[PDB]
file work-v7.cif (mmCIF, N, CA and C atoms and all ligand atoms)
data_input
loop_
_atom_site.group_PDB
_atom_site.id
_atom_site.type_symbol
_atom_site.label_atom_id
_atom_site.label_comp_id
_atom_site.auth_asym_id
_atom_site.auth_seq_id
_atom_site.Cartn_x
_atom_site.Cartn_y
_atom_site.Cartn_z
ATOM 1 N N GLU A 88 -14.279 24.023 -18.361
ATOM 2 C CA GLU A 88 -14.819 23.041 -17.374
ATOM 3 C C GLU A 88 -13.710 22.574 -16.428
ATOM 4 N N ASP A 89 -13.023 23.492 -15.804
ATOM 5 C CA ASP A 89 -11.931 23.097 -14.869
ATOM 6 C C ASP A 89 -10.801 22.402 -15.635
ATOM 7 N N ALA A 90 -9.591 22.516 -15.158
ATOM 8 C CA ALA A 90 -8.451 21.859 -15.857
ATOM 9 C C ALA A 90 -8.051 20.576 -15.123
ATOM 10 N N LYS A 91 -7.533 19.612 -15.832
ATOM 11 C CA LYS A 91 -7.127 18.339 -15.174
ATOM 12 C C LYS A 91 -5.700 18.454 -14.632
ATOM 13 N N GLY A 92 -4.895 19.288 -15.228
ATOM 14 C CA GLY A 92 -3.494 19.441 -14.744
ATOM 15 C C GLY A 92 -2.662 18.244 -15.208
ATOM 16 N N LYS A 93 -1.998 17.583 -14.300
ATOM 17 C CA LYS A 93 -1.169 16.406 -14.689
ATOM 18 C C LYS A 93 -0.400 16.706 -15.978
ATOM 19 N N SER A 94 0.026 15.690 -16.677
ATOM 20 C CA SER A 94 0.780 15.921 -17.942
ATOM 21 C C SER A 94 1.075 14.590 -18.636
ATOM 22 N N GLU A 95 1.379 14.624 -19.904
ATOM 23 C CA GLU A 95 1.676 13.358 -20.636
ATOM 24 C C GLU A 95 2.724 12.540 -19.877
ATOM 25 N N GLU A 96 3.764 13.180 -19.415
ATOM 26 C CA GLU A 96 4.828 12.448 -18.667
ATOM 27 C C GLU A 96 4.206 11.409 -17.730
ATOM 28 N N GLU A 97 3.451 11.847 -16.760
ATOM 29 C CA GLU A 97 2.819 10.883 -15.813
ATOM 30 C C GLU A 97 2.109 9.767 -16.587
ATOM 31 N N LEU A 98 1.188 10.119 -17.443
ATOM 32 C CA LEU A 98 0.464 9.077 -18.226
ATOM 33 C C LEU A 98 1.465 8.118 -18.878
ATOM 34 N N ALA A 99 2.492 8.643 -19.488
ATOM 35 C CA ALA A 99 3.503 7.763 -20.145
ATOM 36 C C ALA A 99 3.841 6.575 -19.237
ATOM 37 N N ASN A 100 4.314 6.839 -18.050
ATOM 38 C CA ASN A 100 4.668 5.727 -17.122
ATOM 39 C C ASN A 100 3.480 4.776 -16.954
ATOM 40 N N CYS A 101 2.331 5.299 -16.627
ATOM 41 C CA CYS A 101 1.137 4.425 -16.444
ATOM 42 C C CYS A 101 1.058 3.386 -17.567
ATOM 43 N N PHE A 102 1.544 3.720 -18.733
ATOM 44 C CA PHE A 102 1.491 2.752 -19.866
ATOM 45 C C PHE A 102 1.870 1.347 -19.387
ATOM 46 N N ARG A 103 3.055 1.187 -18.863
ATOM 47 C CA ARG A 103 3.487 -0.159 -18.385
ATOM 48 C C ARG A 103 2.510 -0.693 -17.334
ATOM 49 N N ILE A 104 1.988 0.162 -16.497
ATOM 50 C CA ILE A 104 1.032 -0.308 -15.456
ATOM 51 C C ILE A 104 -0.153 -1.017 -16.117
ATOM 52 N N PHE A 105 -0.491 -0.630 -17.317
ATOM 53 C CA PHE A 105 -1.632 -1.284 -18.018
ATOM 54 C C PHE A 105 -1.192 -2.636 -18.582
ATOM 55 N N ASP A 106 -0.141 -2.647 -19.358
ATOM 56 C CA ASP A 106 0.343 -3.931 -19.939
ATOM 57 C C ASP A 106 0.888 -4.835 -18.830
ATOM 58 N N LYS A 107 0.039 -5.608 -18.212
ATOM 59 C CA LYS A 107 0.506 -6.505 -17.118
ATOM 60 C C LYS A 107 1.042 -7.820 -17.695
ATOM 61 N N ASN A 108 0.966 -7.989 -18.988
ATOM 62 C CA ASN A 108 1.477 -9.247 -19.605
ATOM 63 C C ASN A 108 2.381 -8.920 -20.798
ATOM 64 N N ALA A 109 3.306 -9.785 -21.111
ATOM 65 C CA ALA A 109 4.214 -9.517 -22.261
ATOM 66 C C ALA A 109 3.397 -9.170 -23.507
ATOM 67 N N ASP A 110 3.112 -7.916 -23.704
ATOM 68 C CA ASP A 110 2.317 -7.508 -24.897
ATOM 69 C C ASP A 110 2.839 -6.180 -25.454
ATOM 70 N N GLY A 111 3.292 -5.305 -24.598
ATOM 71 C CA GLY A 111 3.811 -3.992 -25.076
ATOM 72 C C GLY A 111 2.680 -3.202 -25.741
ATOM 73 N N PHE A 112 1.463 -3.661 -25.612
ATOM 74 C CA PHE A 112 0.319 -2.936 -26.237
ATOM 75 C C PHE A 112 -0.970 -3.222 -25.462
ATOM 76 N N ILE A 113 -1.861 -2.272 -25.397
ATOM 77 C CA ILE A 113 -3.136 -2.499 -24.655
ATOM 78 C C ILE A 113 -4.210 -3.050 -25.597
ATOM 79 N N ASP A 114 -4.638 -4.263 -25.378
ATOM 80 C CA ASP A 114 -5.685 -4.857 -26.257
ATOM 81 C C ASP A 114 -7.060 -4.742 -25.593
ATOM 82 N N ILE A 115 -8.087 -5.218 -26.243
ATOM 83 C CA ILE A 115 -9.451 -5.136 -25.645
ATOM 84 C C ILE A 115 -9.531 -6.026 -24.401
ATOM 85 N N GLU A 116 -8.997 -7.215 -24.475
ATOM 86 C CA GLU A 116 -9.037 -8.125 -23.294
ATOM 87 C C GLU A 116 -8.523 -7.390 -22.054
ATOM 88 N N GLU A 117 -7.430 -6.687 -22.184
ATOM 89 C CA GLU A 117 -6.878 -5.942 -21.017
ATOM 90 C C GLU A 117 -7.851 -4.840 -20.591
ATOM 91 N N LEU A 118 -8.477 -4.191 -21.536
ATOM 92 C CA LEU A 118 -9.437 -3.105 -21.189
ATOM 93 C C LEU A 118 -10.549 -3.654 -20.291
ATOM 94 N N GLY A 119 -10.998 -4.851 -20.554
ATOM 95 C CA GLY A 119 -12.082 -5.444 -19.721
ATOM 96 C C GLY A 119 -11.754 -5.263 -18.237
ATOM 97 N N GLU A 120 -10.920 -6.108 -17.699
ATOM 98 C CA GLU A 120 -10.560 -5.993 -16.256
ATOM 99 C C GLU A 120 -10.302 -4.531 -15.875
ATOM 100 N N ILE A 121 -9.427 -3.866 -16.577
ATOM 101 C CA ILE A 121 -9.135 -2.439 -16.247
ATOM 102 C C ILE A 121 -10.435 -1.687 -15.936
ATOM 103 N N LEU A 122 -11.325 -1.604 -16.887
ATOM 104 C CA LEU A 122 -12.609 -0.882 -16.645
ATOM 105 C C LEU A 122 -13.452 -1.633 -15.610
ATOM 106 N N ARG A 123 -13.550 -2.929 -15.736
ATOM 107 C CA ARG A 123 -14.359 -3.717 -14.762
ATOM 108 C C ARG A 123 -13.926 -3.395 -13.327
ATOM 109 N N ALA A 124 -12.648 -3.261 -13.099
ATOM 110 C CA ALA A 124 -12.162 -2.952 -11.723
ATOM 111 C C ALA A 124 -12.960 -1.787 -11.124
ATOM 112 N N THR A 125 -13.293 -0.809 -11.922
ATOM 113 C CA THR A 125 -14.066 0.353 -11.393
ATOM 114 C C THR A 125 -15.529 -0.040 -11.167
ATOM 115 N N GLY A 126 -16.378 0.919 -10.911
ATOM 116 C CA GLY A 126 -17.817 0.605 -10.682
ATOM 117 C C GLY A 126 -18.651 1.164 -11.836
ATOM 118 N N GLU A 127 -18.344 0.778 -13.043
ATOM 119 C CA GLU A 127 -19.120 1.287 -14.208
ATOM 120 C C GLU A 127 -19.836 0.131 -14.913
ATOM 121 N N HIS A 128 -19.517 -1.084 -14.558
ATOM 122 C CA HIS A 128 -20.178 -2.247 -15.214
ATOM 123 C C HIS A 128 -20.135 -2.081 -16.734
ATOM 124 N N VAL A 129 -18.970 -2.157 -17.317
ATOM 125 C CA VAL A 129 -18.863 -1.994 -18.794
ATOM 126 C C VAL A 129 -19.008 -3.345 -19.497
ATOM 127 N N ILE A 130 -19.540 -3.345 -20.688
ATOM 128 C CA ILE A 130 -19.707 -4.623 -21.435
ATOM 129 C C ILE A 130 -18.888 -4.584 -22.728
ATOM 130 N N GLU A 131 -18.521 -5.726 -23.242
ATOM 131 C CA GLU A 131 -17.714 -5.763 -24.499
ATOM 132 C C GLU A 131 -18.208 -4.708 -25.496
ATOM 133 N N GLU A 132 -19.488 -4.667 -25.753
ATOM 134 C CA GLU A 132 -20.026 -3.671 -26.726
ATOM 135 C C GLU A 132 -19.541 -2.257 -26.387
ATOM 136 N N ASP A 133 -19.362 -1.960 -25.129
ATOM 137 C CA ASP A 133 -18.891 -0.597 -24.750
ATOM 138 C C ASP A 133 -17.367 -0.542 -24.827
ATOM 139 N N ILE A 134 -16.706 -1.518 -24.269
ATOM 140 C CA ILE A 134 -15.220 -1.534 -24.320
ATOM 141 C C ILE A 134 -14.753 -1.517 -25.776
ATOM 142 N N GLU A 135 -15.460 -2.198 -26.634
ATOM 143 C CA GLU A 135 -15.066 -2.224 -28.072
ATOM 144 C C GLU A 135 -15.013 -0.798 -28.626
ATOM 145 N N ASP A 136 -16.026 -0.016 -28.375
ATOM 146 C CA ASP A 136 -16.032 1.384 -28.884
ATOM 147 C C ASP A 136 -14.763 2.114 -28.433
ATOM 148 N N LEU A 137 -14.380 1.950 -27.196
ATOM 149 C CA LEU A 137 -13.149 2.632 -26.699
ATOM 150 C C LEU A 137 -11.962 2.309 -27.611
ATOM 151 N N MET A 138 -11.816 1.068 -27.986
ATOM 152 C CA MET A 138 -10.681 0.681 -28.872
ATOM 153 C C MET A 138 -10.823 1.355 -30.241
ATOM 154 N N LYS A 139 -12.015 1.394 -30.769
ATOM 155 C CA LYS A 139 -12.223 2.032 -32.100
ATOM 156 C C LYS A 139 -11.708 3.474 -32.094
ATOM 157 N N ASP A 140 -12.197 4.281 -31.192
ATOM 158 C CA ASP A 140 -11.745 5.702 -31.132
ATOM 159 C C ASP A 140 -10.226 5.780 -30.949
ATOM 160 N N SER A 141 -9.611 4.720 -30.498
ATOM 161 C CA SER A 141 -8.134 4.748 -30.299
ATOM 162 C C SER A 141 -7.418 4.015 -31.437
ATOM 163 N N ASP A 142 -7.679 2.744 -31.594
ATOM 164 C CA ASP A 142 -7.010 1.962 -32.677
ATOM 165 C C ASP A 142 -6.896 2.794 -33.957
ATOM 166 N N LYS A 143 -5.795 3.468 -34.138
ATOM 167 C CA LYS A 143 -5.621 4.295 -35.367
ATOM 168 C C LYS A 143 -4.920 3.479 -36.456
ATOM 169 N N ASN A 144 -4.492 2.287 -36.137
ATOM 170 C CA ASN A 144 -3.802 1.445 -37.156
ATOM 171 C C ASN A 144 -4.464 0.065 -37.238
ATOM 172 N N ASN A 145 -5.691 -0.042 -36.808
ATOM 173 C CA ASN A 145 -6.392 -1.356 -36.863
ATOM 174 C C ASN A 145 -5.493 -2.463 -36.303
ATOM 175 N N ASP A 146 -4.887 -2.232 -35.171
ATOM 176 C CA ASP A 146 -4.002 -3.273 -34.574
ATOM 177 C C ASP A 146 -4.695 -3.935 -33.381
ATOM 178 N N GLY A 147 -5.979 -3.737 -33.245
ATOM 179 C CA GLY A 147 -6.707 -4.353 -32.101
ATOM 180 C C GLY A 147 -5.917 -4.122 -30.813
ATOM 181 N N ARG A 148 -5.204 -3.031 -30.732
ATOM 182 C CA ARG A 148 -4.408 -2.750 -29.503
ATOM 183 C C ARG A 148 -4.125 -1.250 -29.382
ATOM 184 N N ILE A 149 -4.414 -0.672 -28.249
ATOM 185 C CA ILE A 149 -4.159 0.786 -28.063
ATOM 186 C C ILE A 149 -2.694 1.008 -27.666
ATOM 187 N N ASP A 150 -1.979 1.803 -28.415
ATOM 188 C CA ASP A 150 -0.547 2.055 -28.079
ATOM 189 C C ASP A 150 -0.408 3.351 -27.275
ATOM 190 N N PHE A 151 0.793 3.840 -27.124
ATOM 191 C CA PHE A 151 0.994 5.098 -26.350
ATOM 192 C C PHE A 151 0.326 6.276 -27.070
ATOM 193 N N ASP A 152 0.481 6.355 -28.363
ATOM 194 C CA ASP A 152 -0.141 7.476 -29.124
ATOM 195 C C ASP A 152 -1.667 7.394 -29.039
ATOM 196 N N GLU A 153 -2.239 6.303 -29.472
ATOM 197 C CA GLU A 153 -3.723 6.169 -29.414
ATOM 198 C C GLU A 153 -4.203 6.237 -27.962
ATOM 199 N N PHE A 154 -3.518 5.579 -27.068
ATOM 200 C CA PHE A 154 -3.933 5.610 -25.635
ATOM 201 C C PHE A 154 -3.999 7.056 -25.138
ATOM 202 N N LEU A 155 -2.882 7.726 -25.094
ATOM 203 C CA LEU A 155 -2.879 9.140 -24.623
ATOM 204 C C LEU A 155 -4.037 9.908 -25.264
ATOM 205 N N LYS A 156 -4.191 9.794 -26.556
ATOM 206 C CA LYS A 156 -5.300 10.514 -27.241
ATOM 207 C C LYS A 156 -6.613 10.319 -26.480
ATOM 208 N N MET A 157 -6.917 9.107 -26.097
ATOM 209 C CA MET A 157 -8.184 8.861 -25.351
ATOM 210 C C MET A 157 -8.074 9.431 -23.930
ATOM 211 N N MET A 158 -7.055 9.061 -23.203
ATOM 212 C CA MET A 158 -6.903 9.592 -21.818
ATOM 213 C C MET A 158 -7.157 11.101 -21.806
ATOM 214 N N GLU A 159 -6.746 11.788 -22.840
ATOM 215 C CA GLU A 159 -6.969 13.262 -22.893
ATOM 216 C C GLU A 159 -8.469 13.564 -22.919
ATOM 217 N N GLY A 160 -9.223 12.799 -23.662
ATOM 218 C CA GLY A 160 -10.693 13.035 -23.728
ATOM 219 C C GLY A 160 -11.428 11.823 -23.153
ATOM 220 N N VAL A 161 -11.225 11.539 -21.895
ATOM 221 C CA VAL A 161 -11.909 10.369 -21.273
ATOM 222 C C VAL A 161 -13.403 10.384 -21.605
ATOM 223 N N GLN A 162 -13.983 9.235 -21.818
ATOM 224 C CA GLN A 162 -15.436 9.181 -22.146
ATOM 225 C C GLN A 162 -15.737 10.053 -23.367
HETATM 226 CA CA CA A 201 -0.939 -6.073 -22.558
HETATM 227 CA CA CA A 202 -3.946 0.804 -32.708
#
call {"tool": "encode", "arguments": {"input": "work-v7.cif", "output": "structure tokens", "more": "lines below"}}
Ligand SMILES: [Ca+2]
Ligand SMILES: [Ca+2]
result
Amino acid sequence: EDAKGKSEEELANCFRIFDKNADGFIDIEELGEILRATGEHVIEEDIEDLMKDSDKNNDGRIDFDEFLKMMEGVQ
């Protein structure tokens, strides 16, 4: 289904672009605005699922490992 190209390197940097507050980790609260900014009208019930597929250590926060994992398979 076509290739996305890009590479982990680029995504790596984006990491800091997500953590706009002293957190060093992406939590659900941050996911809200992030997704809300787009035109998908996401609701907590949906944003929560995104964290589940990522949160591999039950830390209520997506890190670089869990984050990249999702970015690779968006949606
Ligand atoms: Ca953060
Ligand atoms: Ca986690």
call {"tool": "closest_atom_pairs", "arguments": {"input": "work-v7.cif", "of": "chain A", "to": "ligand CA 202 (chain A)", "cutoff": "6.5 Å", "atoms": "all atoms listed in the file", "output": "tab-separated table"}}
result
residue	atom	partner	partner_atom	distance
A:141	C	A:CA202	CA	4.9
A:142	CA	A:CA202	CA	3.3
A:143	N	A:CA202	CA	3.5
A:144	N	A:CA202	CA	3.8
A:145	N	A:CA202	CA	4.5
A:146	N	A:CA202	CA	4.0
A:147	N	A:CA202	CA	5.0
A:148	C	A:CA202	CA	3.9
A:149	CA	A:CA202	CA	4.6
A:150	N	A:CA202	CA	4.8
A:153	CA	A:CA202	CA	6.3
call {"tool": "residues_around", "arguments": {"input": "work-v7.cif", "residues": "residue 119 (chain A)", "least_positions_apart": "2", "cutoff": "10 Å", "atoms": "only C-alpha atoms", "output": "number ranges by chain"}}
result
A: 114-117, 121-124, 128-131, 133-135
call {"tool": "resolve_selection", "arguments": {"input": "work-v7.cif", "expression": "the PyMOL selection byres (((not hetatm)) within 8 of (chain A and resi 201))", "output": "MDAnalysis selection string"}}
result
chainID A and resid 105:114 116:118
call {"tool": "atom_distance", "arguments": {"input": "work-v7.cif", "atom1": "CA of residue 127 (chain A)", "atom2": "atom C of residue 154 (chain A)"}}
result
19.5 Å
call {"tool": "atom_distance", "arguments": {"input": "work-v7.cif", "atom1": "CA of residue 155 (chain A)", "atom2": "CA of residue 98 (chain A)"}}
result
7.2 Å
call {"tool": "atom_distance", "arguments": {"input": "work-v7.cif", "atom1": "atom N of residue 91 (chain A)", "atom2": "atom N of residue 136 (chain A)"}}
result
24.8 Å
call {"tool": "select_by_dssp", "arguments": {"input": "work-v7.cif", "residues": "chain A", "states": "helix (DSSP H, G or I)", "output": "NGL selection string"}}
result
:A and (95-105 or 115-124 or 131-141 or 151-159)
call {"tool": "decode", "arguments": {"input": "work-v7.cif", "residues": "region 119-155 of chain A", "atoms": "N, CA and C atoms", "output": "compact mmCIF listing (two decimals), in the first residue's frame"}}
result
# COMPACT_ATOMS: atom_id res chain seq x y z
N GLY A 119 -4.85 14.72 23.71
CA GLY A 119 -6.09 15.48 23.40
C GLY A 119 -5.78 16.60 22.41
N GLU A 120 -5.27 17.70 22.89
CA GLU A 120 -4.95 18.84 21.98
C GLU A 120 -4.26 18.34 20.70
N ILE A 121 -3.20 17.59 20.83
CA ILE A 121 -2.50 17.08 19.62
C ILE A 121 -3.51 16.59 18.58
N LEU A 122 -4.30 15.60 18.92
CA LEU A 122 -5.30 15.09 17.95
C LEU A 122 -6.37 16.15 17.68
N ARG A 123 -6.86 16.79 18.70
CA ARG A 123 -7.91 17.83 18.51
C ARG A 123 -7.45 18.85 17.46
N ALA A 124 -6.21 19.24 17.50
CA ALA A 124 -5.70 20.23 16.51
C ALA A 124 -6.12 19.84 15.09
N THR A 125 -6.11 18.57 14.79
CA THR A 125 -6.50 18.13 13.42
C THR A 125 -8.03 18.22 13.25
N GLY A 126 -8.55 17.67 12.19
CA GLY A 126 -10.02 17.71 11.96
C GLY A 126 -10.60 16.30 12.09
N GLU A 127 -10.38 15.65 13.20
CA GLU A 127 -10.92 14.27 13.38
C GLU A 127 -11.93 14.24 14.53
N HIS A 128 -12.01 15.30 15.28
CA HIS A 128 -12.97 15.33 16.42
C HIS A 128 -12.82 14.06 17.26
N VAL A 129 -11.72 13.90 17.93
CA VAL A 129 -11.51 12.68 18.76
C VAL A 129 -12.04 12.89 20.18
N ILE A 130 -12.50 11.85 20.81
CA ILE A 130 -13.02 11.98 22.19
C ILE A 130 -12.18 11.13 23.15
N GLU A 131 -12.17 11.48 24.41
CA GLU A 131 -11.37 10.70 25.40
C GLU A 131 -11.47 9.19 25.13
N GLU A 132 -12.67 8.69 24.98
CA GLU A 132 -12.83 7.23 24.72
C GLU A 132 -11.95 6.77 23.56
N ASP A 133 -11.74 7.61 22.59
CA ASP A 133 -10.88 7.21 21.43
C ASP A 133 -9.41 7.46 21.77
N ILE A 134 -9.11 8.61 22.30
CA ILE A 134 -7.70 8.91 22.66
C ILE A 134 -7.19 7.87 23.66
N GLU A 135 -8.04 7.44 24.56
CA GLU A 135 -7.62 6.43 25.56
C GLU A 135 -7.11 5.17 24.85
N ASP A 136 -7.84 4.68 23.89
CA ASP A 136 -7.40 3.46 23.16
C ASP A 136 -5.98 3.67 22.61
N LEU A 137 -5.72 4.81 22.04
CA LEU A 137 -4.36 5.07 21.48
C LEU A 137 -3.29 4.81 22.56
N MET A 138 -3.52 5.28 23.75
CA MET A 138 -2.53 5.07 24.84
C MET A 138 -2.40 3.57 25.16
N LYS A 139 -3.51 2.88 25.21
CA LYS A 139 -3.46 1.42 25.52
C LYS A 139 -2.52 0.69 24.54
N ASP A 140 -2.77 0.81 23.27
CA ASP A 140 -1.91 0.13 22.26
C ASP A 140 -0.45 0.56 22.42
N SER A 141 -0.20 1.67 23.07
CA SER A 141 1.20 2.13 23.25
C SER A 141 1.70 1.83 24.66
N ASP A 142 1.06 2.40 25.66
CA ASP A 142 1.50 2.16 27.07
C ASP A 142 1.91 0.70 27.27
N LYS A 143 3.17 0.41 27.12
CA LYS A 143 3.64 -0.99 27.30
C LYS A 143 4.10 -1.21 28.75
N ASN A 144 4.12 -0.17 29.54
CA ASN A 144 4.56 -0.31 30.96
C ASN A 144 3.51 0.28 31.90
N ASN A 145 2.29 0.41 31.44
CA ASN A 145 1.22 0.98 32.30
C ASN A 145 1.71 2.27 32.98
N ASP A 146 2.32 3.15 32.23
CA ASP A 146 2.82 4.42 32.83
C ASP A 146 1.91 5.58 32.43
N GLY A 147 0.74 5.29 31.91
CA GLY A 147 -0.18 6.38 31.50
C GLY A 147 0.59 7.43 30.70
N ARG A 148 1.60 7.01 29.98
CA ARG A 148 2.40 7.98 29.18
C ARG A 148 3.13 7.25 28.04
N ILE A 149 2.99 7.73 26.84
CA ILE A 149 3.67 7.08 25.68
C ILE A 149 5.12 7.58 25.59
N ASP A 150 6.07 6.69 25.62
CA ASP A 150 7.50 7.12 25.53
C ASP A 150 8.00 7.02 24.09
N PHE A 151 9.29 7.11 23.89
CA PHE A 151 9.84 7.02 22.51
C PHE A 151 9.59 5.62 21.93
N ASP A 152 9.81 4.60 22.71
CA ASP A 152 9.59 3.22 22.21
C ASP A 152 8.12 2.99 21.89
N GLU A 153 7.25 3.17 22.85
CA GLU A 153 5.80 2.97 22.59
C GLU A 153 5.31 3.95 21.53
N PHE A 154 5.72 5.19 21.61
CA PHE A 154 5.28 6.19 20.60
C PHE A 154 5.65 5.72 19.19
N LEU A 155 6.92 5.60 18.91
CA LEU A 155 7.34 5.14 17.55
C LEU A 155 6.50 3.94 17.13
